[PDB]
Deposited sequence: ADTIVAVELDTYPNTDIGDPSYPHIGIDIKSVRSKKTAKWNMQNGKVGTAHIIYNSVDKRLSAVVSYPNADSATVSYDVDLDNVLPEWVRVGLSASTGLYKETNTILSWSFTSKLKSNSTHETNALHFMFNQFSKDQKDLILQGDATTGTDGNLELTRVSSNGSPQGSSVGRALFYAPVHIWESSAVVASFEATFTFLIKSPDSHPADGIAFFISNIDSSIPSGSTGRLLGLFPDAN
């Protein structure tokens, strides 16, 4: 199977796989069962901001998710990514729906990696219909209002159930190296999760993977397009 490290914005509690009983953010290391979670007051129809940070000094993967004029949710987990990921990775955004659904709209995405110095930075403040520096997988589309729709939306703007989609940056990223004095990365994205129902599902993740990562077959719903099973 693929190797996944992810920050999940989990809109739907699957208590049977160790989700807490509320919308949450989590750090996932090679399992959909988050190593750590924090409560997340998701705001249906409001534009949110996610910031993810890691450096090779602290070896702490941290995420902050916020909306204007509201308290942030934050989660951190000590992990040595050198012992989990291959040296070269791709970075991406993933989303899913199941029997419940939501828009998984990305309005912007930036990423910076630095290895001491080699550097990579990309910034998307808009997505075009033919975004050739993105690998779109499953139901992911670009161009509609200059946004990235990770999961399927009908002609009338309604989100579809049992959908899964991902966008990976085209270039592989050197995420760690033994010869590195300091390695760091950050990602930011803005998202709009809307549900006609007051039961939205299933969420959005920022993930890092083996370069050849693809949607595991059947990874709709609670598996967020990341994992083949709930182990």
{"item": "Deposited residues absent from the coordinates (by C-alpha)", "value": "117-122"}
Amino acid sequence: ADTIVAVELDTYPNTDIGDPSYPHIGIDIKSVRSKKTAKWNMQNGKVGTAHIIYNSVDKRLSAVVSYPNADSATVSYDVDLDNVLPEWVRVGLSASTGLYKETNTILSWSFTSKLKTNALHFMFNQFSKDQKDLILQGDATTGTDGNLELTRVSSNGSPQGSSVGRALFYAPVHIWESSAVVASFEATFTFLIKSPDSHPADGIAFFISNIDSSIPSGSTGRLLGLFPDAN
From here on, numbers count along this sequence of modelled residues.
| query | finding |
| --- | --- |
| Mean C-alpha B-factor comparison - 38-46 and 181-189, higher one | 38-46 |
| Of 48-56 and 171-179, the stretch whose C-alpha atoms average the higher B-factor in the entry | 171-179 |
| Options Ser128, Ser96, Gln137, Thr112 - largest CA temperature factor per the record | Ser128 |
| Residue of maximum C-alpha B factor among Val91, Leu150, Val153, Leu107, per deposited coordinates | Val153 |
| Third assignment of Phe124 from its chain's C-alpha B-factors | lowest |
| Lowest, middle or highest third - CA B-factor, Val65 | middle |
| Third of the chain's Cα B-factor distribution that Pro13 belongs to, per the entry | middle |
| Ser21 CA temperature factor, ranked by third within the chain | highest |
| B-factor third for the C-alpha atom of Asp202 within its chain | middle |
